[PDB]
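Everything on this sheet refers to the single structure shown next.
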């Protein structure tokens, strides 16, 4: 039933679905490196690590979506996490793809919402969420002048 | 051809690639109608190459010198693993064993 | 470039997915006696 | 002409997406001059 933290930077259970939220403006990724090397700092790709005690041949179900007003050409706005160990949604991750990677071109300092949501909080994935140490996001971005 | 290519480029979007692991021991054990454990019914049907197990289309069957294990994909409910707000065309990319 | 096997199977259809073993009593009796379970990695795509 | 100017504006849209410049306008309104049957439309679009 419950929630945690503030809105847009906390946990929330909606029915049978736990989601964990994030605001990218609250990460201050645009000031990690000095501003003399470019101002267009846009996300290339986002991959998720879930260091949980996965059972033998057990799947992960999680959707990391984006809530905001940025364009994000088409269905690149969300991924599905099934491996759980440094994955995007993709099978055989391919940088320099012909198509756009998911979350590619997200401006890394926007006031958007980055929500990772778990289907089935009480059903098939109670034990996975009880054994979840933390949620780790590999935000890969590009600093361009 | 250019009309069809334009419609393809306007209707092609990315994906949501999902792998789903299905073990037949869990499916055959939780089938609620002639349900069985897989590891003992395989040795029952291999040491005597005649019998069957479970219902039709979701069970084991020996046909001559050929054991087959069956499954119905409607009985897996893969289309309701994720919420329906992320797309309805949920089609298999690939199956590996 | 070509289609993968089972590509485009609608994942909620009323179809039958049968895995069949040749030679239950011949060269593959011991393999089927030692079989723990059968595991299927069904890789699919959710598209709007 | 309708199909190919749609392809051109599609390439312009991904130009505006990659280089973070939503005001880049290379494909000018025109190039189908109706009184000369829309001739030299593809020359103008190759120019753009």
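Protein chains in written order, with this note's numbering: chain W, 1 to 145; chain S, 1001 to 1097; chain L, 2001 to 2048; chain P, 3001 to 3048.
Using N, Cα and C, we set each Cβ at its ideal position, and we do this for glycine too.
Taking all protein chains shown into account, decide if residue i is buried (16 or more other Cβ within 10 angstroms of its Cβ) or exposed.
i: residue 2022 of chain L; result: exposed
i: residue 104 of chain W; result: buried
i: residue 1097 of chain S; result: exposed
i: residue 2020 of chain L; result: exposed
i: residue 162 of chain W; result: Missing from the structure shown is residue 162 of chain W; chain W here goes from 1 to 145 and no further.
i: residue 1090 of chain S; result: buried
i: residue 21 of chain W; result: buried
i: residue 126 of chain W; result: exposed
i: residue 3028 of chain P; result: exposed
i: residue 84 of chain W; result: buried
i: residue 24 of chain W; result: buried
i: residue 1002 of chain S; result: exposed
i: residue 66 of chain W; result: buried
For residue i, report the span of its beta strand (DSSP E) as first-last.
i: residue 47 of chain W; result: 40 to 49
i: residue 1007 of chain S; result: Not the beta strand (DSSP E): residue 1007 of chain S falls in the alpha helix (DSSP H), residues 1002 to 1011.
i: residue 3004 of chain P; result: Here residue 3004 of chain P belongs to no beta strand (DSSP E); instead the alpha helix (DSSP H) covers 3002 to 3018.
i: residue 128 of chain W; result: First-last for residue 128 of chain W: 126 to 130, but that is the alpha helix (DSSP H), not the beta strand (DSSP E).
i: residue 3035 of chain P; result: Element bounds for residue 3035 of chain P: n/a, residue is neither H nor E.
i: residue 138 of chain W; result: 136 to 144
i: residue 117 of chain W; result: 113 to 119
i: residue 62 of chain W; result: 62 to 67
i: residue 79 of chain W; result: 78 to 81
Short check: CB of residue i to CB of residue j, under 8 Å?
i: residue 968 of chain S; j: residue 1028 of chain S; result: Shown here, chain S extends from 1001 to 1097; a query on residue 968 of chain S therefore has no answer.
i: residue 88 of chain W; j: residue 60 of chain W; result: no
i: residue 2039 of chain L; j: residue 2032 of chain L; result: no
i: residue 123 of chain W; j: residue 6 of chain W; result: no
i: residue 3012 of chain P; j: residue 3026 of chain P; result: yes
i: residue 2043 of chain L; j: residue 91 of chain W; result: yes
i: residue 3004 of chain P; j: residue 3016 of chain P; result: no
i: residue 113 of chain W; j: residue 19 of chain W; result: no
i: residue 1011 of chain S; j: residue 3006 of chain P; result: no
i: residue 1014 of chain S; j: residue 76 of chain W; result: yes
i: residue 78 of chain W; j: residue 1086 of chain S; result: yes
i: residue 1022 of chain S; j: residue 80 of chain W; result: no
i: residue 3034 of chain P; j: residue 3001 of chain P; result: no
i: residue 3032 of chain P; j: residue 3022 of chain P; result: no
Taking the C-alpha atoms as reference points, what is the distance between residue i and residue j?
i: residue 26 of chain W; j: residue 51 of chain W; result: 24 Å
i: residue 1009 of chain S; j: residue 2004 of chain L; result: 22 Å
i: residue 2010 of chain L; j: residue 1057 of chain S; result: 18 Å
i: residue 68 of chain W; j: residue 1043 of chain S; result: 56 Å
i: residue 99 of chain W; j: residue 2014 of chain L; result: 33 Å
i: residue 1025 of chain S; j: residue 1060 of chain S; result: 12 Å
i: residue 3046 of chain P; j: residue 3010 of chain P; result: 14 Å
i: residue 4 of chain W; j: residue 53 of chain W; result: 23 Å
i: residue 64 of chain W; j: residue 133 of chain W; result: 17 Å
i: residue 1062 of chain S; j: residue 2012 of chain L; result: 27 Å
i: residue 2041 of chain L; j: residue 55 of chain W; result: 15 Å
i: residue 1048 of chain S; j: residue 2034 of chain L; result: 15 Å
i: residue 32 of chain W; j: residue 72 of chain W; result: 24 Å
i: residue 94 of chain W; j: residue 86 of chain W; result: 14 Å
i: residue 43 of chain W; j: residue 1051 of chain S; result: 58 Å
i: residue 39 of chain W; j: residue 3018 of chain P; result: 14 Å
i: residue 1004 of chain S; j: residue 1031 of chain S; result: 45 Å
i: residue 74 of chain W; j: residue 3014 of chain P; result: 12 Å
i: residue 1040 of chain S; j: residue 1033 of chain S; result: 17 Å
i: residue 35 of chain W; j: residue 62 of chain W; result: 35 Å
i: residue 1078 of chain S; j: residue 57 of chain W; result: 16 Å
i: residue 2045 of chain L; j: residue 96 of chain W; result: 21 Å
i: residue 3020 of chain P; j: residue 3036 of chain P; result: 37 Å
i: residue 3008 of chain P; j: residue 3030 of chain P; result: 13 Å
i: residue 1036 of chain S; j: residue 70 of chain W; result: 52 Å
Using beta carbons (cut-off 8 Å, strictly below), is residue i in contact with chain A?
i: residue 3007 of chain P; result: Of the protein chains in this structure, namely W, S, L and P, none is chain A.
Assuming residue i is part of the alpha helix (DSSP H), what are its boundary residues?
i: residue 3044 of chain P; result: 3041 to 3047
For the ligand SAM, is there any heavy atom lying closer than 7 Å to the beta carbon of residue i?
i: residue 144 of chain W; result: You won't find the ligand SAM in this model; it holds no ligand whatsoever.
Only counting runs of 4 or more residues, tell me where the alpha helix (DSSP H) segments fall wholly within the segment 1021 to 1081 of chain S, in order along the chain. 1024 to 1029 and 1038 to 1047
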